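Examining the three-dimensional arrangement
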Amino acid sequence: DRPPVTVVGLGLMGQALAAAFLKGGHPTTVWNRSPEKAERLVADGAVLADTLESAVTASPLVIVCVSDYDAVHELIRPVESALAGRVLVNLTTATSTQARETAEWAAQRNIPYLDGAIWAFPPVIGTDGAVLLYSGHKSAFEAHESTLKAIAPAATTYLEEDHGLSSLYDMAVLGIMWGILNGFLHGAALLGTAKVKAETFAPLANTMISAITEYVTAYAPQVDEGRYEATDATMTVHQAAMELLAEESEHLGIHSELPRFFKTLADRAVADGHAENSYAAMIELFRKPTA
Amino acid sequence: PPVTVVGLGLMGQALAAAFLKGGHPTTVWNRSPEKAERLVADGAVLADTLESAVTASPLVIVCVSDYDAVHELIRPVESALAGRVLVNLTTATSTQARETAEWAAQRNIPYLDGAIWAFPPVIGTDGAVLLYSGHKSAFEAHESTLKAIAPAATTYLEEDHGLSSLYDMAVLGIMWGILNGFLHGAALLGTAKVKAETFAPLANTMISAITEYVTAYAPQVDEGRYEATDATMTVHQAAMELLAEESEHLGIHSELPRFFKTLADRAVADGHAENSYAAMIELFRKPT
Ligand SMILES: NC(=O)c1ccc[n+]([C@@H]2O[C@H](COP(=O)([O-])OP(=O)(O)OC[C@H]3O[C@@H](n4cnc5c(N)ncnc54)[C@H](OP(=O)(O)O)[C@@H]3O)[C@@H](O)[C@H]2O)c1
């Protein structure tokens with residue numbers, strides 16, 4: 001019942017998890033290269049650890065959330081022994097090919113591994129907001145689902161045994177994720193010029209931001225399918241509009257690099273043919289590599 | 001009451017219904033006239049020329065390619081327009097809405113800068129949402145009628161036209177920012193023999209999911225310090241590599257993320273490595 005758990009790496013993200021556990025019964029031991037950065041967790045009742053092995057030792061579940069698989073690897077190895085016998089959940093961010101590669105390493109060292117992908121932000125962690133995708137040893141997944149739920153109680157979730165995907169998806173969403181932050185921060189810079197509090201702006205954004213997810217679902221079909229007979233609008237429209245946006249930004253006296261880029265693609269896609277086609281067609285351009 | 005609309009673009013046609021399927025009897029016309037049928041079959045009123053079309057309603061709605069087009073229409077019907085009231089929904093900049101605004105008042109033609117946020121289907125539904133800007137007086141008069149098209153959120157700003165349009169711009173960028181990430185993302189899982197059909201749902205999940213946290217930034221921007229909570233630039237920075245690294249590895253267009261990084265790189269270079277992705281804004285204040 002709320003069993004123990006050990007988490008490694010105390011980034012903004014690192015620390016957020018610990019609480020979910022701590023602030024979910026699960027007694028949590030924690031360890032981090034530089035240390036110091038803890039108090040609140042310890043104050044909130046955590047256990048700082050002598051060394052890594054000590055930290056590992058002290059729990060059946062080992063969560064690792066750090067910079068990069070490079071880091072990960074050069075932790076594990078030193079405790080590789082101690083890990084066998086315990087399940088390793090890697091939430092460090094990494095590519096398909098990285099997840100896949102680290103998956104193998106553990107199995108070859110007889111360590112049950114899970115490659116989890118976080119879709120939540122420090123705050124969100126522990127809430128019905130947060131959502132994770134894990135992939136790996138279904139046995140292990142089933143085995144600790146409970147404790148795992150602590151962080152994404154709404155959607156602690158598992159995909160088949162191939163790790164690649166969990167991570168792959170992770171990438172996909174990222175980028176989408178940035179795609180927004182950008183448009184928004186840009187849009188905001190825009191209304192910035194008009195002495196408009198983002199506080200003001202955002203709401204309506206988010207209003208329209210919710211509005212779009214609609215059309216997206218419709219587009220998927222077009223890609224899944226083929227002909228990009230347009231429903232929304234032609235590329236050529238979108239294309240022009242980007243100019244305007246660019247034109248706007250420039251006029252306003254703020255970075256215009258973003259939209260101008262957006263156009264170049266439109267331009268390409270158009271150049272490539274499908275000017276009449278829905279923005280769907282853009283996909284064909286992404287299927288097409290850039291080096 | 002009656003209503004008249006101009007332009008049978010993708011957008012043009014969509015609206016008709018909202019009107020038609022909202023009482024408003026609609027006598028419209030089109031640049032490339034020779035289309036309606038289904039509309040006319042669904043029971044429209046097709047006028048002959050522009051003035052004819054203007055004549056035939058107290059409210060007149062124009063949605064065409066671009067303010068360039070718009071402008072070179074007005075004159076011909078400029079007579080018929082006085083008395084009626086036109087709401088420009090042709091896609092156009094602040095400074096274009098501004099110019100259209102001026103010209104109108106200077107000919108006592110009542111104008112509104114209106115911003116459509118919906119997709120053909122969505123039009124007329126509690127989904128659709130419109131942002132207008134113009135004369136308080138005018139708003140009251142057809143608020144109810146106006147609601148017909150965006151029954152959830154037919155909505156009005158200060159008197160400035162610029163803004164309605166401005167906002168419009170702000171979003172579309174956001175809007176593209178998505179379509180891209182998605183289409184790219186989709187190409188990504190493409191490689192893994194993954195139907196977009198499959199992918200999209202979760203996209204849309206995350207598509208809804210983020211707008212939340214974004215708002216948490218607004219204060220930081222409105223404020224100053226970008227003390228990070230979420231994640232430092234430097235994190236995002238690394239992640240973008242991976243994404244880029246991913247795409248490349250997988251054998252698909254990589255130019256996009258490679259860009260993302262450069263900015264990250266800049267922002268970092270420009271100090272705020274520790275700061276939330278918020279800080280990126282400061283790079284937008286810096287012109288191209
Ligand atoms: N922040 C978020 O919102 C968020 C969301 C989803 C996913 N993530 C993922 O979570 C991970 C970290 O995010 P974060 O913001 O918590 O990162 P962070 O603030 O940079 O923390 C990462 C941790 O990695 C440790 N570390 C890794 N390799 C090390 C090494 N070789 N030597 C010493 N310390 C090492 C760092 O310890 P020292 O620096 O003290 O040595 C630090 O505690 C990343 O993989 C990221 O993709 C973050």
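Residues numbered from 1 in each chain as written, not as in the entry; some residues may be left out. Chains lettered and ligands numbered in written order. Heavy atoms only, no water. Residues with missing side-chain atoms left out of burial classes, pairs and counts.

The deposited coordinates for this entry were obtained by X-ray crystallography, with a reported resolution of 2.77 Å.

**Looking at the overall build of chain B**
Selection rule: Put simply, DSSP marks the helices as runs of H or I at least four residues long and the strands as runs of E at least two long, and each gets a number from the N terminus on.
Check the secondary structure of chain B and you find eleven helices and eight strands. For the C-alpha atoms alone, the extent of chain B along its principal axes is close to 60 × 45 × 30 Å.

**Things to note about the overall build of chain A**
Selection criterion: In this description, contact between two residues means that some pair of their heavy atoms is separated by no more than 4.5 Å.
Looking only at helices and strands, chain A has eleven helices and nine strands in total. If you line up chain A on its principal axes, its C-alpha atoms span 60 × 45 × 30 Å. Sequence-distant contacts in chain A: of pairs separated by 6 or more residues, those separated by 24 or more amount to 64%.

**A word on the interface of chain B and chain A**
Cut-off, in case you're wondering: Under the scheme applied here, ten amino acids are nonpolar (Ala, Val, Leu, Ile, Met, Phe, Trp, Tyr, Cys and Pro), four are charged (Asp, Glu, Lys and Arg), and all others, including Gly, are polar.
Contacts between chain B and chain A engage 79 residues on the former and 80 residues on the latter. The set of elements that each furnish at least two residues to the side of chain B that touches chain A consists of helix 7 (161-191), helix 8 (196-222), helix 9 (233-250), helix 10 (255-269) and helix 11 (280-284) of chain B. Sort the elements by how many residues they give to the side of chain B that touches chain A and helix 7 of chain B lands first, with 23 residues. When its residues are assigned to classes, the side of chain B that touches chain A shows 51 nonpolar, 20 polar and eight charged.

**Quick notes on the pairing of strand 7 (residues 129-134) of chain B**
All names here are of chain B. Operational definition: Paired strands are those between which DSSP finds at least two bridges. Crossover handedness is defined here as right-handed if the route from the first strand over the helix to the second strand goes clockwise, with the strands pointing away from the viewer.
Here strand 6 (residues 111-117) pairs with strand 7 via six bridges, running antiparallel. By the bridge assignment, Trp 117 is partnered in strand 7 with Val 129. Running through helix 6 (residues 136-147), the crossover from strand 7 to the neighbouring parallel element strand 8 (residues 153-156) is right-handed.

**Some thoughts on the sheet that holds strand 9 (residues 155-159) of chain A**
Residues and elements named next belong to chain A. We apply this condition: Axis lines are fitted to C-alpha atoms, over the contacting stretch for helices. Their N-to-C directions set the angle, which ranges from 0 to 180 degrees.
Strand order across the open sheet formed by three strands is 7-8-9, with mixed pairing between neighbours. In this open sheet, the two strands that pair with only one neighbour each are strand 7 (117-119) and strand 9. Ignoring strand direction, the axes of neighbouring strands in this sheet form an average angle of 20 degrees. As judged from the three bridges shared by strand 7 and strand 8 (residues 131-135), these two strands associate in the antiparallel manner. The residue bridging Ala 117 from the neighbouring strand is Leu 133, located in strand 8.

**Considerations on the pattern of salt bridges**
The condition that has to hold: Every case where a carboxyl oxygen of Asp or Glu lies within 4 Å of a side-chain nitrogen of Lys or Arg is listed as a salt bridge.
In this structure, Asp162(A) and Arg100(A) form a salt bridge, with 2.8 Å as the shortest nitrogen-oxygen distance. Residue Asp162(A) is found in the loop between strand 9 and helix 7 (163-193), and its partner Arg100(A) is found in helix 5 (residues 96-108); the two are separated by 62 residues along the sequence.

**Some points on the sheet that holds strand 5 (residues 85-88) of chain B**
Residue and element names in this part refer to chain B. The strand order across the open sheet formed by six strands is 1-4-5-6-7-8, and the pairing between neighbours is mixed. Edge positions in the sheet fall to strand 1 (4-6) and strand 8, since each has one partner strand and no second. Across the sheet, the axes of successive neighbouring strands diverge by a mean angle of 25 degrees, strand direction being ignored. When strand 7 meets strand 8, the two strands line up parallel, connected through four bridges. For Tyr 132, the partnering residue across the bridge sits in strand 8 and is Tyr 156. On top of the sheet, helix 7 reaches strand 6 and strand 7; it is set at about 20 degrees to strand 6, its chief contact.

**Examining unusual backbone geometry**
A positive phi is found at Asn110(A), a non-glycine position, where the angle reads about 60 degrees. Relative to the helices and strands, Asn110(A) resides in the loop between helix 5 and strand 6 (113-115). Although it is not a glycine, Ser57(B) adopts a positive phi angle of roughly 160 degrees. Within the secondary structure, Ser57(B) is located in the loop between helix 3 (50-55) and strand 4 (59-62).

**Details of helix 7 of chain B**
All names here are of chain B. Applied cut-off: Helices are assigned an expected span. That span is 1.5 Å times one less than the residue count. Here a polar contact means two N or O atoms within 3.5 Å. Within protein one must be a hydrogen donor candidate and the other an acceptor candidate, and residues neighboring in sequence count only if both atoms are side-chain atoms.
Spanning 31 residues, helix 7 covers 46 Å between terminal C-alpha atoms, matching the ideal 45 Å at 1.5 Å per step. Measuring from the backbone nitrogen of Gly 162 back to the side-chain oxygen at the start of helix 7 gives 2.5 Å, which picks out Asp 160 as the cap. Positive phi appears at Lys 193, one or two residues downstream of helix 7, with a value of about 50 degrees.

**Thoughts on the environment of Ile281(B)**
Here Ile281(B) shows up in helix 11. Sequence separation between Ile281(B) and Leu10(B) is 271 residues, and the spatial gap between their C-alpha atoms is 34 Å. Beyond its immediate chain neighbours, meaning those up to four positions away, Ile281(B) contacts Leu185(A), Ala188(A), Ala189(A), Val221(B) and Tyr226(B).

**As for the domain arrangement of chain A**
Heads up, the condition is: Domain ranges listed in this record stem from an automatic or a database domain assignment.
Domain boundaries in chain A define domain 1 (5-160) and domain 2 (197-287). Between domain 1 of chain A and domain 2 of chain A, the C-alpha centre-to-centre distance is 38 Å.

**Some words on the domain arrangement of chain B**
Here the domain parsing of chain B yields domain 1 (4-159) and domain 2 (195-284). Averaged C-alpha coordinates put domain 1 of chain B and domain 2 of chain B at centres separated by 38 Å.

**Details of the packing of helix 7 of chain A against helix 7 of chain B**
To keep it simple, the criterion reads: These descriptions rest on fixed angle ranges, namely under 35 degrees for roughly parallel, over 145 for roughly antiparallel, 65 to 115 for roughly perpendicular, and the rest for oblique. In this scheme the handedness of a crossing depends on how the near helix is turned from the far one: anticlockwise by less than a right angle means left-handed, clockwise means right-handed.
Helix 7 of chain B packs onto helix 7 of chain A with a crossing angle of 170 degrees between their chain directions and a minimal axis gap of 8 Å. Overall, the two elements helix 7 of chain A and helix 7 of chain B adopt an arrangement that is roughly antiparallel. Here helix 7 of chain A and helix 7 of chain B pass one another in a crossing that is right-handed.

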